[PDB]
Amino acid sequence: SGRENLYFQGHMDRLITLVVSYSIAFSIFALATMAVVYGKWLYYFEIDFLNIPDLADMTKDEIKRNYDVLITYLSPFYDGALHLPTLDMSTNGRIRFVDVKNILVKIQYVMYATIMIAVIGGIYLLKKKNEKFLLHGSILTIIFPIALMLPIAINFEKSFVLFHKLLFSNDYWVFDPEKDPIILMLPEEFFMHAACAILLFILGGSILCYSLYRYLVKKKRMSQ
Ligand SMILES: CCCCCCCC/C=C\CCCCCCCC(=O)OC[C@H](O)CO
Ligand SMILES: CCCCCCCC/C=C\CCCCCCCC(=O)OC[C@H](O)CO
Ligand SMILES: CCCCCCCC/C=C\CCCCCCCC(=O)OC[C@H](O)CO
Ligand SMILES: CCCCCCCC/C=C\CCCCCCCC(=O)OC[C@H](O)CO
């Protein structure tokens, strides 16, 4: 009965490596996203770099406290509404930031799931002297954030319509600086730089996981 019982098991660890490697890819993507979204140093740098005080007709102290309040609001543990210290906000502006908050709690929710599956299924594979999930995952974390960008290559303007309508509850509403002046201290350059910082953290994440794959496999070879 052994023949038929390892044809099954070999295809099992092959699948488990797949689920674990994809779980590591998303876990690193979500961790990097959370580090940049809730990190303050990048935006604090953009204040002087992009001259946000003159962009928004605000002082630096006002920009930072309004930003600090926004990031506190986007945490999944703050149940209160968004109250900017010195800025007005329209009904559609509050709707937009609840949309932004909702994807973050969605990403974190799935992140906690993938982290557990990656570490639980990962030690099951390490107990079996199998390390390729640290290698398969390593390349998969580089490939995950970019597979989300693939629709851009088919149609640039059109597939940004798809992202916008999957995330946001108001199709047609745009930020009016008179009614939602926080838009003037969130320039487009900050969001692109933030996306680059996410991939930077993702790239660094795959390196350490690849380094772990090679640390494990060299010890495994120096044993046999
Ligand atoms: C040695 C094996 C490691 C096992 C032990 C560590 C396992 C956790 C793994 C990564 C850290 C993830 C921590 C959870 C990140 C919280 C998500 C988050 O930061 O959101 C909260 C808030 O919005 C922002 O301040
Ligand atoms: C997209 C790449 C990921 C970037 C990582 C995020 C880092 C930003 C930090 C906190 C969120 C700030 C609140 C988000 C503000 C959204 C404003 C908006 O809705 O877009 C502008 C609108 O299209 C014009 O009218
Ligand atoms: C290498 C790229 C890595 C991909 C990383 C993508 C992560 C997206 C997931 C959550 C973002 C949550 C915050 C959503 C903020 C979007 C607001 C926005 O994009 O508006 C900017 C606009 O272009 C000017 O105003
Ligand atoms: C079992 C597989 C082990 C694989 C080993 C690779 C682990 C990758 C760890 C970090 C890279 C992601 C970069 C994210 C930078 C730190 C993320 C973080 O934990 O901070 C969250 C933030 O502080 C919330 O407020």
# chains A, B, ... in the order shown; residues from 1 in each chain; ligands from 1
$ select_by_dssp --residues "stretch 3-211 of chain A" --states "alpha helix (DSSP H)" --output "MDAnalysis selection string"
chainID A and resid 3:37 41:49 52:56 60:73 91:127 132:147 150:154 156:167 188:211
$ closest_atom_pairs --of "chain A" --to "ligand 3" --cutoff "6 Å" --atoms "only C-alpha atoms and all ligand atoms" --output "tab-separated table"
residue	atom	partner	partner_atom_place_in_ligand_line	distance
A:100	CA	ligand 3	14 (C)	5.5
A:104	CA	ligand 3	12 (C)	6.0
A:145	CA	ligand 3	3 (C)	5.2
A:187	CA	ligand 3	25 (O)	5.9
A:188	CA	ligand 3	24 (C)	4.0
A:191	CA	ligand 3	21 (C)	5.4
A:195	CA	ligand 3	2 (C)	4.6
A:196	CA	ligand 3	1 (C)	5.4
A:198	CA	ligand 3	3 (C)	5.4
A:199	CA	ligand 3	1 (C)	4.4
$ residues_around --residues "stretch 205-207 of chain A" --least-positions-apart "6" --cutoff "9 Å" --atoms "only C-alpha atoms" --output "short mmCIF file (atom, residue, chain, number, x, y, z; two decimals) with N, CA and C atoms, in the first residue's frame"
data_model
loop_
_atom_site.label_atom_id
_atom_site.label_comp_id
_atom_site.auth_asym_id
_atom_site.auth_seq_id
_atom_site.Cartn_x
_atom_site.Cartn_y
_atom_site.Cartn_z
N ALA A 25 4.27 35.22 0.03
CA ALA A 25 4.26 36.32 -0.92
C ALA A 25 3.30 37.42 -0.47
N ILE A 28 4.38 39.18 3.03
CA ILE A 28 5.39 40.22 2.86
C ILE A 28 4.80 41.45 2.18
N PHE A 29 3.92 41.24 1.20
CA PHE A 29 3.25 42.37 0.56
C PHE A 29 2.44 43.17 1.57
N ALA A 32 4.78 44.94 4.17
CA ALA A 32 5.40 46.11 3.56
C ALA A 32 4.40 47.24 3.40
N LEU A 134 10.76 28.38 1.03
CA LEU A 134 11.54 29.59 1.24
C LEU A 134 12.16 30.10 -0.05
N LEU A 135 12.36 29.23 -1.04
CA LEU A 135 12.85 29.67 -2.34
C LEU A 135 11.71 30.02 -3.28
N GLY A 137 8.64 30.83 -2.37
CA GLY A 137 8.11 32.06 -1.82
C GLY A 137 8.97 33.26 -2.15
N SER A 138 10.29 33.12 -2.00
CA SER A 138 11.21 34.24 -2.21
C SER A 138 10.97 34.92 -3.55
N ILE A 139 10.86 34.15 -4.62
CA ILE A 139 10.59 34.75 -5.92
C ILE A 139 9.14 35.19 -6.02
N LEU A 140 8.23 34.49 -5.34
CA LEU A 140 6.81 34.82 -5.44
C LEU A 140 6.48 36.16 -4.79
N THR A 141 7.22 36.56 -3.74
CA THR A 141 6.95 37.86 -3.13
C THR A 141 7.32 39.00 -4.06
N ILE A 142 8.33 38.81 -4.91
CA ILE A 142 8.63 39.82 -5.92
C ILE A 142 7.53 39.86 -6.97
#
$ closest_residue --among "A:119, A:12, A:126, A:69" --to "ligand 1" --atoms "only C-alpha atoms and all ligand atoms"
A:119
$ residues_around --residues "residue A:77" --least-positions-apart "6" --cutoff "12 Å" --atoms "only C-alpha atoms" --output "PDB file with N, CA, C and O atoms, in the first residue's frame"
ATOM      1  N   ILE A  71      -3.514  59.062   9.924  1.00  0.00           N
ATOM      2  CA  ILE A  71      -2.921  57.735  10.061  1.00  0.00           C
ATOM      3  C   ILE A  71      -3.478  57.022  11.288  1.00  0.00           C
ATOM      4  O   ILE A  71      -3.705  55.806  11.267  1.00  0.00           O
ATOM      5  N   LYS A 101      -9.775  53.036   4.637  1.00  0.00           N
ATOM      6  CA  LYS A 101      -9.640  52.255   5.860  1.00  0.00           C
ATOM      7  C   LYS A 101     -10.115  50.820   5.667  1.00  0.00           C
ATOM      8  O   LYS A 101      -9.578  49.902   6.296  1.00  0.00           O
ATOM      9  N   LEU A 104      -7.571  48.476   4.098  1.00  0.00           N
ATOM     10  CA  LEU A 104      -6.483  48.213   5.033  1.00  0.00           C
ATOM     11  C   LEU A 104      -6.866  47.136   6.041  1.00  0.00           C
ATOM     12  O   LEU A 104      -6.055  46.257   6.352  1.00  0.00           O
ATOM     13  N   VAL A 105      -8.099  47.176   6.558  1.00  0.00           N
ATOM     14  CA  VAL A 105      -8.533  46.106   7.452  1.00  0.00           C
ATOM     15  C   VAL A 105      -8.746  44.815   6.673  1.00  0.00           C
ATOM     16  O   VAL A 105      -8.606  43.719   7.227  1.00  0.00           O
ATOM     17  N   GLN A 108      -5.073  43.480   6.202  1.00  0.00           N
ATOM     18  CA  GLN A 108      -4.543  42.965   7.462  1.00  0.00           C
ATOM     19  C   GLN A 108      -5.238  41.673   7.871  1.00  0.00           C
ATOM     20  O   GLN A 108      -4.587  40.738   8.352  1.00  0.00           O
TER      21      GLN A 108
END
